[PDB]
Structures are given as structure tokens and as C-alpha cells.
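Just the one chain here, the form deposited without this ligand, laid out as C-alpha cells.
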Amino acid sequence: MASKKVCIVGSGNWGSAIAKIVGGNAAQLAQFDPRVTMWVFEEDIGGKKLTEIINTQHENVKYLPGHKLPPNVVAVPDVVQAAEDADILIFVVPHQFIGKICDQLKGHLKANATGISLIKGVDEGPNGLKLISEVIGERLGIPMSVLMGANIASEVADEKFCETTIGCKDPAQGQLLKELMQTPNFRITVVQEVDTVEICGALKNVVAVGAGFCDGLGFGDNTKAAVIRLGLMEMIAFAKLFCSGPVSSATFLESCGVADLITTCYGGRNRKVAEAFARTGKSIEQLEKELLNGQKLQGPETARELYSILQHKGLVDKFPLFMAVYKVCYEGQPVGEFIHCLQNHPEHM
């Protein structure tokens, strides 16, 4: 008869927007315990501890400016303590933290704890492509779902209408996650093809990096719309080859696909840094420190992992858009040469 307890593992820009949504729904819905924990990697802010400011001011202005968090969301600095009693864990931490967090939580979760990942990126390893949700699911021994959609955090925090896609193999779990996260302005469509929904989130960032390049070279909407289109073609082709199980084009018409591509190529961080990289000579790394609190962008890292994955099978040449993004970010290909990967692009794949 107990309500489900929810832990939000992460507290950045997206984790915070999510805390806002989850906090308000947990308090509004009986099936969820009003107390929502949020694991916050402790920080020093003017001599005050971040978690103390959050639980006192009820805001995380450093990562989510201009918004309060509902009072029932409690910032907890120790991940084990944050996640321990949770029945539902929402993974929304930067890719570089996942390994240690799981490998901190392993064996300390509730018996039938459930998981959902919001991280956009991929992992690799012998065999090739490895989904981040499967890595978390396996180390922690829990069932996993994903949430991926056109969700620039600052707009979600403002309650501007938008949608998202939840990938989940279990219908009841899927319905529970929808009840947990949906609001009148954050609409959710649940689909069962988890792997494709997840790969969409990872890949859309590579295409967004290339759209930022063209932005930095001075191009407009006709060009960006073409980057998105060819980028969508390579994304569907890549998923059919590397995703295990059934993969359908149709899934790319969900928010996780065509829409996240559009919103990310127009207003995401990967695009912004790609543009500045095109106009300034600064490296991706330095721009991240300069524009994104030193946060690791996943667009480039994913292109790097795709390069490796395509290299093992000898397919690098079949993904000119993905590979030009890779070469510009890692191998000094001049950004000014970007258009050539669109100019001779295969017509269909």
C-alpha cells in the first residue's frame, strides 16, 4: 500500500527542470510519495554548500536560473542516501558521472527499484555500440526505461508546451512513468522500442554539432533544414544496422527523433558551442569551460564513438555527415570544409 518513492539522480540544468515537474506531480498524485529526493553533487558556493542553499532557498539558480523548485524536493549530497528508499530512479547526470554513481549504488537499491534514463549519449565496448541505459540497468540490476524528446531545459522550466517520448518495454511501468512525468505542457507518448528512442537522443547531438558549424559559417534555414534531413537519414540508417531487434522509421517521427533534432539544432548547447568553435579557433574543451561551466558536450564524444564503431566495420564512408562532425571536432578538419559532406551526400540509405 505504500506510494512509490522517487529519486532524481542528477541536478544540472535538465535534472533541475525535471525535479520541478516530478516534485509538483509527486505532491499532486497519491500514488507517489510527496518527498522527492535529488542527488546533488555537493558544491561550494560563496562558503555555502549547494545542497543547503537548495533546501533553504528552494532553487538551483546556478543550473536553473530564475525558477524555484517545489518545497518537497530535497537535495541530498550522498547518492546512496538519495537513492536508497526509492522505488523509481531517474538518471539525469552527465555521462562522465554515471560509471561512479552506479558503481556507488550497486547493491544498495530497493528490491524492486525501477530505472529510467534521460542521458543522451552512447557507450561502446567489444561488440560495438553499448546503450547507457543497459550499462546502468546491468551494474545496478534494475529494469530500465528512457525519456527523450525536444526538451530544451529552459523552456520546459518556463512551462512552454512541449512533448517527450518515453521508451519502455513494460506497459504498466510505462503508464506509471507517464503519470509521474506528464503535465499539461509536457506531453508524453510511451513507446516500446526503447533502444531506438535512446539512440535517437544520442545521435541528434552529432547532427546538432554540424548545424552549429553551418551557423558559424554564415548559413541560414535552408541549410540547417538540409543538415537535419541528411542527419535524420544517417540516424535511421545507423540505427537499423547497429540497434539489436526491430527498428522502424516510424519511431523517428516521435519527439525523440525529428523534433529533438529540430529543437537541438536550433537552440541546444551542442549547436551553440559548435558555432563558437567555427568562429573562434578555440577547442571544444576550452569552449565547454568558457560557455558551459566546464561540462562535457556529448555531440563530439558520440561522433568519436561512432567513428570507432564505424571504423571496426569499415563503414566510415557511409556516414559522411557523422564523420565530418567527427573530423572537425577531433582531427582538425577545417570547419569551412563542412558543406562538402552535404554536397555529395548519398540520396537514400
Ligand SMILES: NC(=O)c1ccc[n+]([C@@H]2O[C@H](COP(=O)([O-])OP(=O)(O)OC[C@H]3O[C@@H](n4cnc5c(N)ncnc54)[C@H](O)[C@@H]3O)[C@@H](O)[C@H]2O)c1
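Residues that one form lacks are left out of the comparison. Residue numbers run from 1 along the displayed sequence. Between two forms, the rigid core is defined as the largest C-alpha subset superposing within 1.5 Å.
Another form, the form deposited with this ligand bound, is not on view; read the next lines as being about it.
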| query | finding |
| --- | --- |
| is_contact(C265, this ligand) in the deposited complex, heavy atom dist at most 4.5 Å | no |
| Contact label in the deposited complex: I119 to this ligand, heavy atom within 4.5 Å | yes |
| is_contact(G15, this ligand) in the deposited complex, heavy atom dist at most 4.5 Å | yes |
| Contact flag, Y307 vs this ligand in the deposited complex, heavy atom cut 4.5 Å | no |
| One stretch from 87-95, 187-195, 105-113, 226-234 that, in the deposited complex, holds residues within 4.5 Å of this ligand by heavy atom | 87-95 |
| Position in contact with this ligand when the complex is considered in the deposited complex, options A153, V74, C243, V135, heavy atoms within 4.5 Å | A153 |
| Complete contact of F277, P300 and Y326 with this ligand in the deposited complex (any heavy atom, 4.5 Å) | no |
| Residues of 19-39 having any heavy atom within 4.5 Å of this ligand in the deposited complex, listed in sequence order | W39 |
| Displaced residue check between this form and the one not shown: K313, CA, 2 Å or over, core reference | yes |
| Structural rearrangement between this form and the one not shown, runs of 3 or more with C-alpha shift of 2 angstroms or more, core superposed | 202-238, 244-249, 261-291, 293-349 |
